[PDB]
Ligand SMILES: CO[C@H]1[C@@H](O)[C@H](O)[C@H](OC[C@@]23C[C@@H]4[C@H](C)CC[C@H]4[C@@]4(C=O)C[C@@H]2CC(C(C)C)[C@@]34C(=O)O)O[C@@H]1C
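Before any questions on how it binds or moves, here is one chain, the form deposited without the ligand, in structure tokens.
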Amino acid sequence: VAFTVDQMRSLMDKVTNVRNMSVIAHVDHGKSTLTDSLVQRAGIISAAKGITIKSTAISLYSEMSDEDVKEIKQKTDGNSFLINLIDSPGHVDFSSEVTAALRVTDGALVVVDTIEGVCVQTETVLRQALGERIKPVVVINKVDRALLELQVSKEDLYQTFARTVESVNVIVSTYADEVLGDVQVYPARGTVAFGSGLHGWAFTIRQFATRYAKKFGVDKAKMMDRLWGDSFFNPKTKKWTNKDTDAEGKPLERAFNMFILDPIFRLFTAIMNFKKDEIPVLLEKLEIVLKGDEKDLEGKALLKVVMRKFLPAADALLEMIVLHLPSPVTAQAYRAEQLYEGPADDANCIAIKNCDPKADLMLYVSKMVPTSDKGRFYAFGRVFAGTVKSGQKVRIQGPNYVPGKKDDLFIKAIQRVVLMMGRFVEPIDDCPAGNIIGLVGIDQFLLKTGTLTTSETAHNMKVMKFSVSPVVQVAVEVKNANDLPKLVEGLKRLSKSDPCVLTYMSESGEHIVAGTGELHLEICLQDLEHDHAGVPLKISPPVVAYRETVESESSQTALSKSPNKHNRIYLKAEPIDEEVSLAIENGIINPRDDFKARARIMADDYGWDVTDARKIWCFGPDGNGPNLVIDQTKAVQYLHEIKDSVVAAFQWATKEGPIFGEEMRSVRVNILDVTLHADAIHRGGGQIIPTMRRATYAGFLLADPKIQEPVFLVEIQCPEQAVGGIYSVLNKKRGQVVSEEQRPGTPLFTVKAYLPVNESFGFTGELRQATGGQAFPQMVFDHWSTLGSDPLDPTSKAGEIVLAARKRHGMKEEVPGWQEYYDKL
């Protein structure tokens, strides 16, 4: 169907007839076939009156009768509904991105498989969803498999359905807050559907109940209770019996098999065995009116046409969604506290609970989506409270926001509020609480998630942590030379589609793809090879970012002389405190700031001698890194005339340390004294630069050198009964437990721990084994950690790393000692 913008804004008003949901299915169980079936039947498309985007959500439109509308155990308005099909990841390892998509939904269509049933991953996703208080509704897909492959029987088939329905409710029952209620599924209640995404058909007990009801007078409520379980209609006797063995002890067929499975089973038998005589009368019985062409169809061809006219799989899926899934009004009432990070009595939490469109804004940005509108990204999220309007002055509260501080806060104006119709957007003036909307003009203020509020009081909403630090990289080359041009373009596309990936050319002439972790890199490398570039790619082992630091002050004074022999430099190196290194990294200790102001900050807050601070010559690397060069020289003739070179030499030395070429971190350098030649002609960079270089490299190795490793902060949701499996893995990997807290309703524990990045490879696989896929991981780079080993001792833990690197870089295995940068004098 196609709607103007006014139609949409109308549907959006009646938030009671909206349904925000996602499809929780195994990519291998026909997850997309169904979604396609839905869209093909009810998807919406502005009827209008060239910017494209990455489809993140689709709007569906469904209409029902007044009779059905009365069955909704929920406050509804109108017989029209707007369903929001929000997309979700295809791989469960994506954990963090799953939680995002899920967090903006209130119900889910969980697809289970006929034969295989409830697989492990799907059970995990479902557990998360339930953890979030999302109401499930199930569909047993791929029934055509059991019919065609195994050539099973009606009762067999039935029992499979039955057992599987059990599996699910055991989960749903264990992990469903006592707040949700008996959110367990039942075929007779109309919350379980059956069908085949392939052949495109599907049904619910209810649809057949409505059928046999009219053409036979009886009521449906009763009828659909008999269409499942042990209720029997004996033909001969023409009466219903609750006894499975009737008459003279003969077995009777279960109602489900007799009125639902039998009719279908008869179409599969007739059609595939080409029983030309039957098929025509049969179709007549059920009322399958073939249209011209089709009449000459046969085999799987004809089947995929008959089954469609008979039980339009879509119609059955929409039934459940409308009739059983919660509206924003219903859901937010109990999903509020979990989503609000502040007081459960706050004015905002109350507004979310009441889905109040008059309250201040509370908009949850779950993700940023690539667009064609230049390099822009649009915000995708849900308005939980208030209304968002174009040009609206909004408080953009990023991940590191706190109600008290001013950090990560941005007060800008939303350029435009638009509807996210698949790959198409449609501007709109405003959007009230309860709706899934998009936003233009927040690119430069949010990278992935965030909270948009109007109250200066409002806390953030349960955010999802994500780092932008490229702690891991890999080299990638093409297999077939000629494909090169495609890679170059691919890498450029990869970069445009992801604010955390990074592609570039290395000095060794290699294509580099740096990412956030093994997880992230895996995704990119695939999308690169199959979509972005679409060509066979050669990939190298992962390389982990490291840092070079000093543990103490210099043994002795560093000294070096230009090649001239006419210049010398005297400096010493010492540790820069983490507190201060972070300070530098967080902007607090800024390079542009007033050296006087800056200096005061380092003095009053970081016990720094206000003088030295006033004498910082520069930061490093790139001019802002967490490394300094403090001036402590007394009466030096022409000092200012070599500042540059000294600074330059610092930039070079801090980007490539002397241990194995990595950036330095937390390194302080105090120039003690300088003896320059009198003639400017002999104090040039060619002379100086190398001097301050060796001198810095020298004093570094004299200050008890060490390397730092990036450490992840992993957070795992998991059954209290299996937490043991977690700890088990963490120990086998230098892990360290930070917290282990529980949330009151569910048997679901959450464990937070630090895990070195160099230990994280394969962590997900090993973690699901140790817990039977019951653990749900997610990591974010957190900090740097100094290894206590000796980087120079090839046998130590540190030196083991240092060596593999130098070799990899084709350097000389041994690490040049300071003596080789020192000049005796």
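Between two forms, the rigid core is defined as the largest C-alpha subset superposing within 1.5 Å. We number the residues from 1 along the sequence you see.
Although it is not shown, the form solved in complex with the ligand is what the next lines describe.
Counting atoms of the ligand, placed from its pose in the deposited complex by superposing the C-alphas round the site, that lie within 2.4 Å of this form's backbone or C-beta atoms gives 3 or more, so the site is blocked.
In the deposited complex, the ligand lies farther than 4.5 Å from every heavy atom of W240. Although the partner is absent here, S506 sits close enough that one of its heavy atoms falls within 4.5 Å of the ligand in the deposited complex. Residue contact with the ligand in the deposited complex: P542 places a heavy atom within 4.5 Å of it. Shown alone here, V757 lies within 4.5 Å of the ligand in the deposited complex, counting heavy atoms only. The stretch in contact with the ligand in the deposited complex, judged by heavy atoms within 4.5 Å, is 779 to 787, chosen from 793 to 801, 39 to 47, 66 to 74, 779 to 787.
The single contact residue among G490, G131, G434, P710, judged by any heavy atom lying within 4.5 Å of the ligand in the deposited complex, is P710. Of the residues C618, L502, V723, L283, just one reaches the ligand in the deposited complex with a heavy atom at 4.5 Å or closer; this is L502. Taking a 4.5 Å heavy atom cutoff to the ligand in the deposited complex, the one contacting residue in 461 to 475 is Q473.
When the two forms are superposed on their rigid core between the shown form and the other one, the C-alpha shift of 2 Å or more among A129, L676, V183, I428 belongs solely to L676. Once both forms are overlaid on the rigid core, the distance between the two CA positions of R768 between the shown form and the other one is 2 angstroms or more. Relative to the superposed core, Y378 shifts its CA atom by less than 2 Å between the shown form and the other one. The Cα shift for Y697 between the shown form and the other one, taken after rigid core superposition, is 2 angstroms or larger.
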